[PDB]
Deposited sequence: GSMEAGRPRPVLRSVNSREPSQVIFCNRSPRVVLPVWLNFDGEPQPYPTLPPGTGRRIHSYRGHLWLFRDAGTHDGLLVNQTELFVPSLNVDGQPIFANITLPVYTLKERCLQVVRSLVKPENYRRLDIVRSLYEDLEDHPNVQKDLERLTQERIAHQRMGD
């Protein structure tokens, strides 16, 4: 539904991780399925072989936090500048807490039921790919 166009037209891309995170590049195949690629260390660049009309998205390789590419969510091939978005203070706080607490132990933190469910609702690529149908 939100897939890559099978152009067969080679396009040279340079993925630049202009973020403090380890980036996981995700290619959406011809069937809309997300295909992960080898991870980019914090301030690193990589010359990659892609194709015109192919769809890409970049997430944090560990936590799956969403990243921007050339100030937007999706990249269509060329420079792919992967940056942190200005996350909300809530999302940023959830990120830090998730990074300090084991999923099982989230119910042991003295906070409201809504916040437990906010921590449990981890970032996901499939969930993101569904929000992008509207």
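Where C-alpha coordinates are absent, the deposited sequence of this PDB chain has the segments 1-10, 88-95, 153-162.
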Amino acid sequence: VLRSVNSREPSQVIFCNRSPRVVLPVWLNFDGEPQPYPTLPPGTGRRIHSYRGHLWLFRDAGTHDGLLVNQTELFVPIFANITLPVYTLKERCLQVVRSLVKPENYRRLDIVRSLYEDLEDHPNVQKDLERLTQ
From here on, numbers count along this sequence of modelled residues.
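The stretch 37-45 shows the higher mean C-alpha B-factor when 37-45 is compared against 87-95 in the entry. Annotation for 53-61 versus 96-104: the higher mean temperature factor (C-alpha) is found in 96-104. Split the chain's modelled residues into thirds by C-alpha temperature factor. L24 is in the lowest one.
Ranked by C-alpha B-factor against the other modelled residues of its chain, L68 falls in the lowest third.
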